[PDB]
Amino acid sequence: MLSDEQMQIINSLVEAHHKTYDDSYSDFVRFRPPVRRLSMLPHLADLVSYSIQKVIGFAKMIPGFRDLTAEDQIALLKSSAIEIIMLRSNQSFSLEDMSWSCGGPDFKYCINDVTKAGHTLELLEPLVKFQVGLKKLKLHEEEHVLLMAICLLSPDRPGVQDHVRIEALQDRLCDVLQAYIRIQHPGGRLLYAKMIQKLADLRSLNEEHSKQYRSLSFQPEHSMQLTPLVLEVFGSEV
């Protein structure tokens, strides 16, 4: 069984998800429209910028993230944002279409659409394979959310000063995750191991995106297309 304190974590994490994920995607109409070579980068940079704001909102409701120092909250978000956006977009990724479907068709993102925002297939290939591997796991919502808070609360990230406090928080989430799969997921006897692998798969995707973003930001003709938040989060400032 699960503790009452272990399930308040799950409740507050699930409540912190619905708040920051709009299943109607009704705010996409407010982005720079899509165009279908750097076309489509205005749209996707707007999309990503919106996603970062919903990640920050999600983080602030993780039990105990708000109690960290501002330097550590900034530091964890600066290194984990792009991982959590790839993570949370699994909810709109379709195995049938191999695209993300957000209420289009103007918001249906094939590989042809995402190749046009300045990133090579050397990032889009692993990301799409990541998306089917995660969608095939058929995670419950409670498990999808926990993996977000676990991924955010990793201390092996550049810039963290309080390695003891956030590790303590992250371990607490894994134990809630392991208990959840024991009690509530039928046949999940391998699942916690595959999910932890997905964390390591996320790091290979971050490292690549961080590599290709540096090429985009050294070209001011493309860097001026991004939004000020994107420039701050993916920036290299301490």
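Throughout, rigid core stands for the largest set of C-alpha atoms superposing within 1.5 Å between the two forms. We number the residues from 1 along the sequence you see.
task = Would you say which of 37-45 and 207-215 moves more relative to the shown form in 9 other deposited structures of this protein, going by RMS C-alpha distance with the core superposed?
result = The stretch that sits farther from the shown form in 9 other deposited structures of this protein is 37-45.
query = Once the rigid core is matched, which of the two stretches, 123-131 or 104-112, lies farther off on average in 9 other deposited structures of this protein by C-alpha?
reply = Between 123-131 and 104-112, greater C-alpha deviation in 9 other deposited structures of this protein belongs to 104-112.
query = When you step from residue 36 to residue 37 in this entry, do you jump over none, 1 to 3, 4 to 9, or 10 or more residues of the deposited sequence that have no coordinates?
reply = A long stretch, 10 or more residues, is missing between them.
ask   = Looking only at CA atoms, which has the higher mean B factor in the entry: 51-59 or 200-208?
value = Taking the mean C-alpha B-factor of 51-59 and of 200-208, the larger value falls to 200-208.
query = According to the deposited model, is the average Cα temperature factor higher in 97-105 or in 149-157?
reply = Higher of the two, by average CA B-factor, is 97-105.
Entry-reported Cα temperature factor of residue 41, expressed as the chain third it lands in = Lowest third - that is where residue 41 ends up once the chain's C-alpha B-factors are sorted.
message = Splitting the chain's C-alpha B-factors into thirds, which one does residue 24 fall into?
response = Tercile = highest for this residue's CA B-factor.
task = Sorting the chain's modelled residues by C-alpha B-factor, tell me whether residue 74 ends up in the lowest, middle or highest third.
result = It falls in the bottom third of the chain.
request  = Sort the modelled residues of this chain by their C-alpha B factor and say whether residue 191 lands in the lowest, middle or highest third.
outcome  = Highest third, going by the recorded CA B-factors of the chain.
Residue 91 CA temperature factor, ranked by third within the chain = Within its chain, residue 91 is a middle-third residue by C-alpha B-factor, going by the deposited values.
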